[PDB]
file work.pdb (PDB, C-alpha atoms)
ATOM      1  CA  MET A   1     -57.169 -18.066 -62.013  1.00  0.00           C
ATOM      2  CA  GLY A   2     -59.657 -16.734 -64.679  1.00  0.00           C
ATOM      3  CA  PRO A   3     -62.792 -17.804 -66.676  1.00  0.00           C
ATOM      4  CA  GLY A   4     -60.855 -20.313 -68.883  1.00  0.00           C
ATOM      5  CA  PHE A   5     -59.581 -22.150 -65.761  1.00  0.00           C
ATOM      6  CA  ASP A   6     -63.123 -21.920 -64.226  1.00  0.00           C
ATOM      7  CA  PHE A   7     -64.624 -23.804 -67.224  1.00  0.00           C
ATOM      8  CA  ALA A   8     -61.689 -26.313 -67.276  1.00  0.00           C
ATOM      9  CA  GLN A   9     -62.104 -26.979 -63.513  1.00  0.00           C
ATOM     10  CA  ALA A  10     -65.922 -27.533 -63.916  1.00  0.00           C
ATOM     11  CA  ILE A  11     -65.247 -30.195 -66.625  1.00  0.00           C
ATOM     12  CA  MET A  12     -62.452 -31.926 -64.573  1.00  0.00           C
ATOM     13  CA  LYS A  13     -64.458 -32.134 -61.298  1.00  0.00           C
ATOM     14  CA  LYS A  14     -67.591 -33.842 -62.822  1.00  0.00           C
ATOM     15  CA  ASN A  15     -66.573 -35.307 -66.217  1.00  0.00           C
ATOM     16  CA  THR A  16     -63.178 -37.101 -65.724  1.00  0.00           C
ATOM     17  CA  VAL A  17     -62.026 -40.467 -64.270  1.00  0.00           C
ATOM     18  CA  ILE A  18     -58.526 -42.002 -64.090  1.00  0.00           C
ATOM     19  CA  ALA A  19     -58.388 -44.850 -66.707  1.00  0.00           C
ATOM     20  CA  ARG A  20     -55.653 -47.554 -66.420  1.00  0.00           C
ATOM     21  CA  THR A  21     -54.963 -50.031 -69.284  1.00  0.00           C
ATOM     22  CA  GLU A  22     -51.839 -52.264 -69.818  1.00  0.00           C
ATOM     23  CA  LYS A  23     -50.304 -49.204 -71.630  1.00  0.00           C
ATOM     24  CA  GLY A  24     -50.584 -46.888 -68.525  1.00  0.00           C
ATOM     25  CA  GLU A  25     -52.717 -44.262 -66.689  1.00  0.00           C
ATOM     26  CA  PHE A  26     -54.783 -41.763 -68.788  1.00  0.00           C
ATOM     27  CA  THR A  27     -57.091 -38.821 -68.117  1.00  0.00           C
ATOM     28  CA  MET A  28     -60.488 -40.060 -69.486  1.00  0.00           C
ATOM     29  CA  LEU A  29     -63.299 -37.600 -70.465  1.00  0.00           C
ATOM     30  CA  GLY A  30     -66.884 -38.759 -69.641  1.00  0.00           C
ATOM     31  CA  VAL A  31     -69.252 -37.266 -72.304  1.00  0.00           C
ATOM     32  CA  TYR A  32     -72.789 -38.601 -71.445  1.00  0.00           C
ATOM     33  CA  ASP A  33     -74.510 -41.701 -69.881  1.00  0.00           C
ATOM     34  CA  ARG A  34     -71.662 -44.345 -69.493  1.00  0.00           C
ATOM     35  CA  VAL A  35     -69.836 -43.154 -72.690  1.00  0.00           C
ATOM     36  CA  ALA A  36     -66.258 -41.811 -72.414  1.00  0.00           C
ATOM     37  CA  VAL A  37     -63.218 -41.103 -74.720  1.00  0.00           C
ATOM     38  CA  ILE A  38     -59.502 -42.011 -74.498  1.00  0.00           C
ATOM     39  CA  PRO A  39     -56.539 -41.923 -76.979  1.00  0.00           C
ATOM     40  CA  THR A  40     -56.637 -45.039 -79.221  1.00  0.00           C
ATOM     41  CA  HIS A  41     -52.972 -45.890 -78.275  1.00  0.00           C
ATOM     42  CA  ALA A  42     -54.300 -46.680 -74.709  1.00  0.00           C
ATOM     43  CA  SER A  43     -55.283 -50.067 -76.359  1.00  0.00           C
ATOM     44  CA  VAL A  44     -58.579 -50.527 -74.464  1.00  0.00           C
ATOM     45  CA  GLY A  45     -59.478 -54.220 -73.901  1.00  0.00           C
ATOM     46  CA  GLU A  46     -62.446 -56.150 -72.387  1.00  0.00           C
ATOM     47  CA  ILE A  47     -61.543 -54.929 -68.843  1.00  0.00           C
ATOM     48  CA  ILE A  48     -60.253 -51.453 -67.784  1.00  0.00           C
ATOM     49  CA  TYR A  49     -59.598 -49.889 -64.322  1.00  0.00           C
ATOM     50  CA  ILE A  50     -61.667 -46.726 -63.585  1.00  0.00           C
ATOM     51  CA  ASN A  51     -60.466 -44.875 -60.427  1.00  0.00           C
ATOM     52  CA  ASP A  52     -58.701 -48.221 -59.544  1.00  0.00           C
ATOM     53  CA  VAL A  53     -62.002 -50.261 -59.840  1.00  0.00           C
ATOM     54  CA  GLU A  54     -62.086 -53.222 -62.274  1.00  0.00           C
ATOM     55  CA  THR A  55     -64.744 -52.304 -64.920  1.00  0.00           C
ATOM     56  CA  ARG A  56     -66.124 -54.358 -67.867  1.00  0.00           C
ATOM     57  CA  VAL A  57     -66.003 -52.522 -71.263  1.00  0.00           C
ATOM     58  CA  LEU A  58     -69.483 -52.936 -72.901  1.00  0.00           C
ATOM     59  CA  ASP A  59     -68.161 -51.446 -76.236  1.00  0.00           C
ATOM     60  CA  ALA A  60     -65.063 -49.708 -77.690  1.00  0.00           C
ATOM     61  CA  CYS A  61     -64.730 -48.105 -81.160  1.00  0.00           C
ATOM     62  CA  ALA A  62     -61.442 -46.690 -82.589  1.00  0.00           C
ATOM     63  CA  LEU A  63     -62.706 -43.763 -84.799  1.00  0.00           C
ATOM     64  CA  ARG A  64     -61.443 -43.281 -88.394  1.00  0.00           C
ATOM     65  CA  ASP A  65     -62.565 -40.602 -90.876  1.00  0.00           C
ATOM     66  CA  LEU A  66     -64.319 -41.478 -94.204  1.00  0.00           C
ATOM     67  CA  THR A  67     -60.852 -41.557 -95.950  1.00  0.00           C
ATOM     68  CA  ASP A  68     -60.161 -44.531 -93.525  1.00  0.00           C
ATOM     69  CA  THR A  69     -57.488 -42.447 -91.664  1.00  0.00           C
ATOM     70  CA  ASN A  70     -56.959 -42.789 -87.866  1.00  0.00           C
ATOM     71  CA  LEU A  71     -58.494 -40.030 -85.667  1.00  0.00           C
ATOM     72  CA  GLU A  72     -56.738 -41.347 -82.459  1.00  0.00           C
ATOM     73  CA  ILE A  73     -60.111 -41.250 -80.471  1.00  0.00           C
ATOM     74  CA  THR A  74     -61.598 -44.424 -78.935  1.00  0.00           C
ATOM     75  CA  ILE A  75     -65.210 -44.195 -77.657  1.00  0.00           C
ATOM     76  CA  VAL A  76     -65.723 -46.522 -74.689  1.00  0.00           C
ATOM     77  CA  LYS A  77     -69.019 -47.548 -73.057  1.00  0.00           C
ATOM     78  CA  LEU A  78     -68.324 -48.552 -69.397  1.00  0.00           C
ATOM     79  CA  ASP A  79     -70.263 -51.055 -67.208  1.00  0.00           C
ATOM     80  CA  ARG A  80     -70.465 -48.387 -64.435  1.00  0.00           C
ATOM     81  CA  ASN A  81     -73.339 -47.893 -61.898  1.00  0.00           C
ATOM     82  CA  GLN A  82     -73.397 -44.077 -62.448  1.00  0.00           C
ATOM     83  CA  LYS A  83     -73.904 -41.721 -65.471  1.00  0.00           C
ATOM     84  CA  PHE A  84     -71.716 -38.721 -66.449  1.00  0.00           C
ATOM     85  CA  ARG A  85     -73.207 -35.234 -66.610  1.00  0.00           C
ATOM     86  CA  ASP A  86     -74.190 -34.823 -70.317  1.00  0.00           C
ATOM     87  CA  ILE A  87     -71.662 -32.272 -71.780  1.00  0.00           C
ATOM     88  CA  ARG A  88     -72.461 -32.893 -75.502  1.00  0.00           C
ATOM     89  CA  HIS A  89     -73.810 -29.261 -75.829  1.00  0.00           C
ATOM     90  CA  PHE A  90     -70.208 -27.987 -75.147  1.00  0.00           C
ATOM     91  CA  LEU A  91     -68.800 -29.900 -78.208  1.00  0.00           C
ATOM     92  CA  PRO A  92     -68.042 -27.944 -81.414  1.00  0.00           C
ATOM     93  CA  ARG A  93     -69.955 -29.026 -84.573  1.00  0.00           C
ATOM     94  CA  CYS A  94     -67.118 -28.160 -87.081  1.00  0.00           C
ATOM     95  CA  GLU A  95     -63.264 -28.256 -87.397  1.00  0.00           C
ATOM     96  CA  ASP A  96     -61.915 -24.846 -86.215  1.00  0.00           C
ATOM     97  CA  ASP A  97     -58.966 -22.842 -84.752  1.00  0.00           C
ATOM     98  CA  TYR A  98     -59.326 -21.382 -81.202  1.00  0.00           C
ATOM     99  CA  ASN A  99     -57.764 -18.711 -78.956  1.00  0.00           C
ATOM    100  CA  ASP A 100     -56.693 -19.069 -75.301  1.00  0.00           C
ATOM    101  CA  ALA A 101     -57.156 -22.831 -74.573  1.00  0.00           C
ATOM    102  CA  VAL A 102     -56.426 -24.837 -71.361  1.00  0.00           C
ATOM    103  CA  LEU A 103     -55.084 -28.447 -71.187  1.00  0.00           C
ATOM    104  CA  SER A 104     -56.228 -30.147 -67.910  1.00  0.00           C
ATOM    105  CA  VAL A 105     -54.854 -33.497 -66.595  1.00  0.00           C
ATOM    106  CA  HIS A 106     -55.769 -35.631 -63.598  1.00  0.00           C
ATOM    107  CA  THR A 107     -53.648 -38.768 -62.908  1.00  0.00           C
ATOM    108  CA  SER A 108     -51.659 -40.238 -59.938  1.00  0.00           C
ATOM    109  CA  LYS A 109     -48.514 -38.615 -61.525  1.00  0.00           C
ATOM    110  CA  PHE A 110     -50.177 -35.196 -62.257  1.00  0.00           C
ATOM    111  CA  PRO A 111     -53.264 -34.466 -60.034  1.00  0.00           C
ATOM    112  CA  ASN A 112     -55.217 -31.156 -60.588  1.00  0.00           C
ATOM    113  CA  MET A 113     -52.893 -29.936 -63.433  1.00  0.00           C
ATOM    114  CA  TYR A 114     -54.006 -26.956 -65.653  1.00  0.00           C
ATOM    115  CA  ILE A 115     -51.753 -25.573 -68.472  1.00  0.00           C
ATOM    116  CA  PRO A 116     -52.618 -22.347 -70.396  1.00  0.00           C
ATOM    117  CA  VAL A 117     -51.516 -23.517 -73.917  1.00  0.00           C
ATOM    118  CA  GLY A 118     -52.719 -20.350 -75.755  1.00  0.00           C
ATOM    119  CA  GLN A 119     -53.593 -20.296 -79.511  1.00  0.00           C
ATOM    120  CA  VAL A 120     -54.815 -23.627 -81.038  1.00  0.00           C
ATOM    121  CA  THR A 121     -54.256 -24.257 -84.817  1.00  0.00           C
ATOM    122  CA  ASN A 122     -56.394 -26.581 -86.992  1.00  0.00           C
ATOM    123  CA  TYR A 123     -53.175 -28.449 -87.999  1.00  0.00           C
ATOM    124  CA  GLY A 124     -54.960 -31.246 -89.986  1.00  0.00           C
ATOM    125  CA  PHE A 125     -52.596 -34.083 -90.972  1.00  0.00           C
ATOM    126  CA  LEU A 126     -49.910 -35.387 -88.530  1.00  0.00           C
ATOM    127  CA  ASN A 127     -47.672 -38.499 -88.714  1.00  0.00           C
ATOM    128  CA  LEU A 128     -48.261 -39.510 -85.027  1.00  0.00           C
ATOM    129  CA  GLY A 129     -45.832 -42.207 -83.778  1.00  0.00           C
ATOM    130  CA  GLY A 130     -45.605 -43.391 -87.440  1.00  0.00           C
ATOM    131  CA  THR A 131     -49.470 -43.427 -87.913  1.00  0.00           C
ATOM    132  CA  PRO A 132     -51.076 -41.009 -90.461  1.00  0.00           C
ATOM    133  CA  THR A 133     -53.658 -39.061 -88.341  1.00  0.00           C
ATOM    134  CA  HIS A 134     -56.344 -36.445 -89.276  1.00  0.00           C
ATOM    135  CA  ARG A 135     -58.240 -33.668 -87.379  1.00  0.00           C
ATOM    136  CA  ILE A 136     -55.163 -32.722 -85.239  1.00  0.00           C
ATOM    137  CA  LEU A 137     -55.161 -29.497 -83.178  1.00  0.00           C
ATOM    138  CA  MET A 138     -51.701 -27.970 -82.401  1.00  0.00           C
ATOM    139  CA  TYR A 139     -50.545 -25.708 -79.510  1.00  0.00           C
ATOM    140  CA  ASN A 140     -47.055 -24.344 -78.745  1.00  0.00           C
ATOM    141  CA  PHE A 141     -46.377 -25.899 -75.274  1.00  0.00           C
ATOM    142  CA  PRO A 142     -43.676 -28.528 -74.461  1.00  0.00           C
ATOM    143  CA  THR A 143     -46.158 -31.244 -73.321  1.00  0.00           C
ATOM    144  CA  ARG A 144     -44.748 -34.479 -71.729  1.00  0.00           C
ATOM    145  CA  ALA A 145     -45.431 -38.192 -71.188  1.00  0.00           C
ATOM    146  CA  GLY A 146     -48.293 -38.352 -68.616  1.00  0.00           C
ATOM    147  CA  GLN A 147     -50.595 -35.747 -70.285  1.00  0.00           C
ATOM    148  CA  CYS A 148     -52.218 -38.067 -72.908  1.00  0.00           C
ATOM    149  CA  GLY A 149     -56.024 -37.964 -72.636  1.00  0.00           C
ATOM    150  CA  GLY A 150     -55.752 -34.465 -71.075  1.00  0.00           C
ATOM    151  CA  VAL A 151     -58.829 -32.313 -71.897  1.00  0.00           C
ATOM    152  CA  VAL A 152     -58.469 -29.243 -74.190  1.00  0.00           C
ATOM    153  CA  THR A 153     -61.092 -26.494 -73.459  1.00  0.00           C
ATOM    154  CA  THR A 154     -61.890 -22.860 -74.180  1.00  0.00           C
ATOM    155  CA  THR A 155     -64.514 -20.875 -72.237  1.00  0.00           C
ATOM    156  CA  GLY A 156     -67.745 -22.743 -73.081  1.00  0.00           C
ATOM    157  CA  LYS A 157     -66.235 -25.472 -75.359  1.00  0.00           C
ATOM    158  CA  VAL A 158     -64.571 -28.914 -74.955  1.00  0.00           C
ATOM    159  CA  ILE A 159     -62.480 -29.073 -78.189  1.00  0.00           C
ATOM    160  CA  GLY A 160     -60.102 -32.102 -77.981  1.00  0.00           C
ATOM    161  CA  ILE A 161     -58.023 -34.636 -76.024  1.00  0.00           C
ATOM    162  CA  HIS A 162     -54.195 -34.585 -75.851  1.00  0.00           C
ATOM    163  CA  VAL A 163     -52.644 -37.447 -77.962  1.00  0.00           C
ATOM    164  CA  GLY A 164     -48.931 -36.476 -78.474  1.00  0.00           C
ATOM    165  CA  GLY A 165     -46.099 -33.944 -78.732  1.00  0.00           C
ATOM    166  CA  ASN A 166     -42.621 -33.351 -80.257  1.00  0.00           C
ATOM    167  CA  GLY A 167     -40.941 -31.519 -77.306  1.00  0.00           C
ATOM    168  CA  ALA A 168     -41.870 -27.955 -78.502  1.00  0.00           C
ATOM    169  CA  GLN A 169     -45.526 -28.498 -79.605  1.00  0.00           C
ATOM    170  CA  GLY A 170     -48.456 -30.574 -78.249  1.00  0.00           C
ATOM    171  CA  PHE A 171     -51.136 -32.272 -80.382  1.00  0.00           C
ATOM    172  CA  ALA A 172     -54.838 -32.987 -79.644  1.00  0.00           C
ATOM    173  CA  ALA A 173     -57.490 -35.040 -81.521  1.00  0.00           C
ATOM    174  CA  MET A 174     -60.624 -32.922 -82.189  1.00  0.00           C
ATOM    175  CA  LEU A 175     -63.903 -33.760 -80.384  1.00  0.00           C
ATOM    176  CA  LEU A 176     -66.956 -33.053 -82.641  1.00  0.00           C
ATOM    177  CA  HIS A 177     -70.693 -33.200 -81.634  1.00  0.00           C
ATOM    178  CA  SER A 178     -71.343 -35.735 -84.498  1.00  0.00           C
ATOM    179  CA  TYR A 179     -69.186 -38.434 -82.730  1.00  0.00           C
ATOM    180  CA  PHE A 180     -71.737 -38.751 -79.808  1.00  0.00           C
ATOM    181  CA  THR A 181     -75.237 -38.682 -81.470  1.00  0.00           C
ATOM    182  CA  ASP A 182     -77.529 -41.368 -79.860  1.00  0.00           C
TER
END

call {"tool": "encode", "arguments": {"input": "work.pdb", "output": "structure tokens"}}
result
Amino acid sequence: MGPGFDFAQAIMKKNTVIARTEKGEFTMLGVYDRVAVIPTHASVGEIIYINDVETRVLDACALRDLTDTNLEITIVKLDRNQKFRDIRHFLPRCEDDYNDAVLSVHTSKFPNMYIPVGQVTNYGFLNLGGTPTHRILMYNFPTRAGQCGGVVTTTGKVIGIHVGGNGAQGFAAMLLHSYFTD
């Protein structure tokens, strides 16, 4: 409808695939080459389905901060025959708060979904499903089962991926430029 949705749509059309593990269907953000991100609770194994195609996982790393606390981001390298558009220049370099964000989801359950979530808070620590978690972003929308892996954007920035909610608020894990240096 406006420039926030325009940016969100541009990311969804070129930089997302549907990922299926034994824990369900997730929106998966492609970042560069054959490297993508998914919530760690997707439990990525040796094989994953990408747009319903059986795909070997060449590598998977569950990120933790230097305090050895969960970040709830898994970086996956896929044995795919095609590269993602490199979007690393849209990643923030530092932890921050944001205005006027969009959460975008693309699954079988929720195709072409865009939610204006509004103000995003650098929340920091969250007990997520019983797991101490750092670098959490918070927004005041009643997010639901099905939205995990959803992409959080502002105009010109890809800031996080949806990892949970409590019925009133939704929670995202921050994406930082430093996670994807090659």

call {"tool": "resolve_selection", "arguments": {"input": "work.pdb", "expression": "the PyMOL selection byres ((chain A and resi 114) around 8)", "output": "PDB file with C-alpha atoms, keeping the file's coordinate frame"}}
result
ATOM      1  CA  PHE A   5     -59.581 -22.150 -65.761  1.00  0.00           C
ATOM      2  CA  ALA A   8     -61.689 -26.313 -67.276  1.00  0.00           C
ATOM      3  CA  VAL A 102     -56.426 -24.837 -71.361  1.00  0.00           C
ATOM      4  CA  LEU A 103     -55.084 -28.447 -71.187  1.00  0.00           C
ATOM      5  CA  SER A 104     -56.228 -30.147 -67.910  1.00  0.00           C
ATOM      6  CA  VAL A 105     -54.854 -33.497 -66.595  1.00  0.00           C
ATOM      7  CA  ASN A 112     -55.217 -31.156 -60.588  1.00  0.00           C
ATOM      8  CA  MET A 113     -52.893 -29.936 -63.433  1.00  0.00           C
ATOM      9  CA  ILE A 115     -51.753 -25.573 -68.472  1.00  0.00           C
ATOM     10  CA  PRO A 116     -52.618 -22.347 -70.396  1.00  0.00           C
TER      11      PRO A 116
END

call {"tool": "closest_residue", "arguments": {"input": "work.pdb", "among": "A:157, A:117, A:94, A:130", "to": "residue 170 of chain A", "atoms": "all atoms listed in the file"}}
result
A:117

call {"tool": "resolve_selection", "arguments": {"input": "work.pdb", "expression": "the PyMOL selection byres ((chain A and resi 121-129) around 8)", "output": "list in words"}}
result
residues 95, 96, 97, 98, 119, 120, 130, 131, 132, 133, 134, 135, 136, 137, 138, 139 and 164 of chain A

call {"tool": "atom_distance", "arguments": {"input": "work.pdb", "atom1": "atom CA of residue 34 of chain A", "atom2": "atom CA of residue 59 of chain A"}}
result
10.4 Å

call {"tool": "resolve_selection", "arguments": {"input": "work.pdb", "expression": "the PyMOL selection byres ((chain A and resi 58) around 10)", "output": "mmCIF file with C-alpha atoms, in the coordinates of the input"}}
result
data_model
loop_
_atom_site.group_PDB
_atom_site.id
_atom_site.type_symbol
_atom_site.label_atom_id
_atom_site.label_comp_id
_atom_site.auth_asym_id
_atom_site.auth_seq_id
_atom_site.Cartn_x
_atom_site.Cartn_y
_atom_site.Cartn_z
ATOM 1 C CA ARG A 34 -71.662 -44.345 -69.493
ATOM 2 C CA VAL A 35 -69.836 -43.154 -72.690
ATOM 3 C CA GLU A 46 -62.446 -56.150 -72.387
ATOM 4 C CA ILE A 47 -61.543 -54.929 -68.843
ATOM 5 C CA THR A 55 -64.744 -52.304 -64.920
ATOM 6 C CA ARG A 56 -66.124 -54.358 -67.867
ATOM 7 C CA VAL A 57 -66.003 -52.522 -71.263
ATOM 8 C CA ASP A 59 -68.161 -51.446 -76.236
ATOM 9 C CA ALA A 60 -65.063 -49.708 -77.690
ATOM 10 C CA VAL A 76 -65.723 -46.522 -74.689
ATOM 11 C CA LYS A 77 -69.019 -47.548 -73.057
ATOM 12 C CA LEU A 78 -68.324 -48.552 -69.397
ATOM 13 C CA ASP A 79 -70.263 -51.055 -67.208
ATOM 14 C CA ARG A 80 -70.465 -48.387 -64.435
#

call {"tool": "residues_around", "arguments": {"input": "work.pdb", "residues": "residue 36 of chain A", "least_positions_apart": "6", "cutoff": "6 Å", "atoms": "all atoms listed in the file", "output": "tab-separated table (two decimals) with C-alpha atoms, in the coordinates of the input"}}
result
chain	number	residue	atom	x	y	z
A	29	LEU	CA	-63.30	-37.60	-70.46
A	30	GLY	CA	-66.88	-38.76	-69.64
A	75	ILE	CA	-65.21	-44.20	-77.66
A	76	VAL	CA	-65.72	-46.52	-74.69

call {"tool": "atom_distance", "arguments": {"input": "work.pdb", "atom1": "atom CA of residue 67 of chain A", "atom2": "atom CA of residue 45 of chain A"}}
result
25.5 Å

call {"tool": "atom_distance", "arguments": {"input": "work.pdb", "atom1": "atom CA of residue 163 of chain A", "atom2": "atom CA of residue 82 of chain A"}}
result
26.7 Å

call {"tool": "residues_around", "arguments": {"input": "work.pdb", "residues": "residue 143 of chain A", "least_positions_apart": "5", "cutoff": "7 Å", "atoms": "only C-alpha atoms", "output": "list in words"}}
result
residues 165, 167, 169 and 170 of chain A

call {"tool": "residues_around", "arguments": {"input": "work.pdb", "residues": "residue 38 of chain A", "least_positions_apart": "2", "cutoff": "12 Å", "atoms": "all atoms listed in the file", "output": "PyMOL selection string"}}
result
chain A and resi 16-21+24-31+35-36+40-44+48+60-63+71-77+147-151+160-163+172-175

call {"tool": "residues_around", "arguments": {"input": "work.pdb", "residues": "residue 86 of chain A", "least_positions_apart": "3", "cutoff": "9 Å", "atoms": "all atoms listed in the file", "output": "PyMOL selection string"}}
result
chain A and resi 15+30-33+83+89

call {"tool": "axis_aligned_box", "arguments": {"input": "work.pdb", "around": "segment 119-131 of chain A", "padding_each_side": "6 Å", "output": "AutoDock Vina command-line options"}}
result
--center_x -51.0 --center_y -31.9 --center_z -85.2 --size_x 22.8 --size_y 35.1 --size_z 23.5

call {"tool": "build_atoms", "arguments": {"input": "work.pdb", "residues": "segment 160-181 of chain A", "atoms": "N, CA, C and O atoms", "output": "compact mmCIF listing (two decimals), keeping the file's coordinate frame"}}
result
# COMPACT_ATOMS: atom_id res chain seq x y z
N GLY A 160 -60.97 -30.97 -77.60
CA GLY A 160 -60.10 -32.10 -77.98
C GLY A 160 -59.53 -32.85 -76.79
O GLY A 160 -59.72 -32.41 -75.63
N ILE A 161 -58.80 -33.93 -77.07
CA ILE A 161 -58.02 -34.64 -76.02
C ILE A 161 -56.59 -34.79 -76.52
O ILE A 161 -56.36 -35.12 -77.70
N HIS A 162 -55.66 -34.50 -75.62
CA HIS A 162 -54.20 -34.58 -75.85
C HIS A 162 -53.77 -35.99 -76.31
O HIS A 162 -54.12 -36.98 -75.63
N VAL A 163 -53.07 -36.10 -77.44
CA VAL A 163 -52.64 -37.45 -77.96
C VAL A 163 -51.13 -37.53 -78.21
O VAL A 163 -50.64 -38.64 -78.41
N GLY A 164 -50.38 -36.41 -78.22
CA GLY A 164 -48.93 -36.48 -78.47
C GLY A 164 -48.22 -35.14 -78.44
O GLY A 164 -48.85 -34.11 -78.18
N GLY A 165 -46.91 -35.17 -78.65
CA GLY A 165 -46.10 -33.94 -78.73
C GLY A 165 -44.75 -34.23 -79.37
O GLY A 165 -44.47 -35.42 -79.61
N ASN A 166 -43.97 -33.19 -79.63
CA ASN A 166 -42.62 -33.35 -80.26
C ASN A 166 -41.56 -32.64 -79.41
O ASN A 166 -40.44 -32.52 -79.89
N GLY A 167 -41.90 -32.18 -78.21
CA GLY A 167 -40.94 -31.52 -77.31
C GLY A 167 -41.13 -30.02 -77.28
O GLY A 167 -40.88 -29.44 -76.22
N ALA A 168 -41.56 -29.40 -78.39
CA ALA A 168 -41.87 -27.96 -78.50
C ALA A 168 -43.39 -27.73 -78.59
O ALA A 168 -43.90 -26.79 -77.96
N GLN A 169 -44.06 -28.55 -79.38
CA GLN A 169 -45.53 -28.50 -79.60
C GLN A 169 -46.25 -29.71 -78.98
O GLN A 169 -45.64 -30.78 -78.81
N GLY A 170 -47.53 -29.50 -78.64
CA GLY A 170 -48.46 -30.57 -78.25
C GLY A 170 -49.57 -30.72 -79.28
O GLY A 170 -49.88 -29.74 -80.02
N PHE A 171 -50.14 -31.91 -79.34
CA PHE A 171 -51.14 -32.27 -80.38
C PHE A 171 -52.39 -32.85 -79.73
O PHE A 171 -52.27 -33.71 -78.87
N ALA A 172 -53.59 -32.43 -80.17
CA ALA A 172 -54.84 -32.99 -79.64
C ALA A 172 -55.66 -33.51 -80.82
O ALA A 172 -55.63 -32.89 -81.88
N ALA A 173 -56.42 -34.57 -80.60
CA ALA A 173 -57.49 -35.04 -81.52
C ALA A 173 -58.75 -34.23 -81.25
O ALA A 173 -59.10 -34.04 -80.07
N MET A 174 -59.38 -33.71 -82.30
CA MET A 174 -60.62 -32.92 -82.19
C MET A 174 -61.72 -33.81 -81.61
O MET A 174 -61.81 -34.96 -82.03
N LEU A 175 -62.55 -33.24 -80.72
CA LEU A 175 -63.90 -33.76 -80.38
C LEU A 175 -64.94 -32.95 -81.18
O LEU A 175 -64.90 -31.73 -81.17
N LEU A 176 -65.82 -33.65 -81.88
CA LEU A 176 -66.96 -33.05 -82.64
C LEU A 176 -68.27 -33.61 -82.10
O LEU A 176 -68.33 -34.81 -81.79
N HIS A 177 -69.32 -32.80 -82.07
CA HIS A 177 -70.69 -33.20 -81.63
C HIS A 177 -71.18 -34.47 -82.35
O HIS A 177 -71.77 -35.35 -81.67
N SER A 178 -70.92 -34.58 -83.66
CA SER A 178 -71.34 -35.74 -84.50
C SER A 178 -70.77 -37.07 -84.02
O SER A 178 -71.33 -38.10 -84.42
N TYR A 179 -69.71 -37.13 -83.21
CA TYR A 179 -69.19 -38.43 -82.73
C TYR A 179 -70.14 -39.08 -81.70
O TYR A 179 -70.04 -40.29 -81.52
N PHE A 180 -71.01 -38.32 -81.04
CA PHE A 180 -71.74 -38.75 -79.81
C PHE A 180 -73.26 -38.66 -79.94
O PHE A 180 -73.93 -38.62 -78.88
N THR A 181 -73.78 -38.63 -81.17
CA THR A 181 -75.24 -38.68 -81.47
C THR A 181 -75.77 -40.08 -81.11
O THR A 181 -75.17 -41.09 -81.56
